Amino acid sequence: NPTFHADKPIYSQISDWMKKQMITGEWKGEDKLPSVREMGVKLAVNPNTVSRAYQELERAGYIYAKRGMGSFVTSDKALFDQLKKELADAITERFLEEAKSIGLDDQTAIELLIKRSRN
């Protein structure tokens, strides 16, 4: 389970977490998702809040519904590849902004990261 914080709407944190499960392949295309009530119990979250997260994902095409059969993970490699690209861009943007905020120049930051990556 994910852990939630109080700064962002819970439904959006749930959506973010579900997207991560789909991008990493923990949940694969056509996988059947929990009902909103099942997911609420699983996450210890209000099912209304879960519903808002599912609605967000369905609207954006990451999950889809079949009548009287619930919700399923979309199969679309191109769609998930572009999501991963956008999340990756966001991560790099934040890294450089955070570095700037502590006076850590790009060159130094990248070298530190490479060193850490090689352990």
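Note that residue numbering begins at 1 and tracks the sequence as displayed.
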- With reference to the PDB entry, specify whether the mean Cα temperature factor is higher for 84-92 or for 64-72. 64-72
- Query: Averaged over C-alpha atoms, is the B-factor higher for 100-108 or for 16-24 in this PDB entry?
  - Reply: 100-108
- Query: Out of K77, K32, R59, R52, which one has a C-alpha B factor higher than all the others in the entry?
  - Reply: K77
- Taking the values exactly as deposited, rank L43 by C-alpha B-factor within its chain and report the matching third: lowest, middle or highest. middle
